[PDB]
C-alpha cells in the first residue's frame, strides 16, 4: 500500500503484515535496499507472532522522491513518523540495516515514548568521518554516468581485492535483484543525506532510555569502528559481532544473525 503526503508529494510504499493486535516490528532497509531484502525476515517474524511493518525509503523501488530530490536525515525520520502515525503504532521495536539503523536511532531519540527498542544491523547513531564517505563519490559517479545495473556490477566484482563482494553467485544475484530497483536519484540523495546526520544522536539515543541493540559484521570496518565508539558512550547497549560477516550481511542471511535477533526480541517482549 502507499502513504502519500500532500505537502511533500512523497508516496511511501509499505507493507503491514500480520495481525493488527500483535507486537509491531518495523524493518528499515539500507541504501540500495528495499522490502525485497527482508523476505526471509518477514516470514520468520510473522511465524514468531509479530506484526511486521516494512517500507521503502525515498527513491528506492516503489517509493518516489516527491517535490524535491534532496533531503536531510530529518526528512527520513519525518517520513517514518508519518508512516507509524498512519498505522496507529504506539510502541514498537525497529530493526534497521545500515542507514535504517541510523534512522532507528534518530527516531528513538526524537520519540522516546514510541519505541521499546532498536536493533541496528551494521548501523549506528554516529556521524561518519569524511574518510568513511569518500567511496560514495565514485559510486554516485557510476550511478549517474552508467546507471544502477552497472553500478551493481562494479560493486559485485573486486579486481583489486582477494575476493568479490559475495562468494556465492546466489547471494550476488539476490543483491542484483534488490539493488537494481533503486533509482539513480534515490541512491544519490541517500548517500548525500549521510552528511546531514547530527553529531548529537548518540546523546539523544542514550537519553531516550530505549533498549539499544546492535549486530555488526566483524569485516565491516566502518561500522565496527562506529559501533565500538557507540558502546563506549552507551554502555547499556547490547552489541554482538558476527565473525566473518560484512556490510551486506542481510543478503547473506547467516543463521547466527537470527539466533541473535530472536534472542534480543525475547528480551524486548519479556518487558512489554
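Positions refer to the first chain, counted from 1.
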| item | value |
| --- | --- |
| Mean C-alpha temperature factor, higher of 221-229 and 44-52 | 44-52 |
| Which of 91-99 and 69-77 has higher mean CA B factor, as the PDB entry lists it | 91-99 |
| Top Cα B factor in the deposited entry, candidates 29, 247, 61, 206 | 247 |
| Per the PDB entry, maximal CA B factor within 118, 157, 189, 121 | 157 |
| Relative C-alpha B-factor of residue 22, binned into the chain's lowest, middle or highest third | highest |
| Ranked C-alpha temperature factor of residue 129 among modelled chain residues, by third | highest |
| Third of the chain, ranked by Cα B-factor, where residue 171 sits | middle |
| Modelled-residue ranking by C-alpha temperature factor, third containing residue 181 | lowest |
| Chain-relative CA temperature factor third for residue 114 | highest |
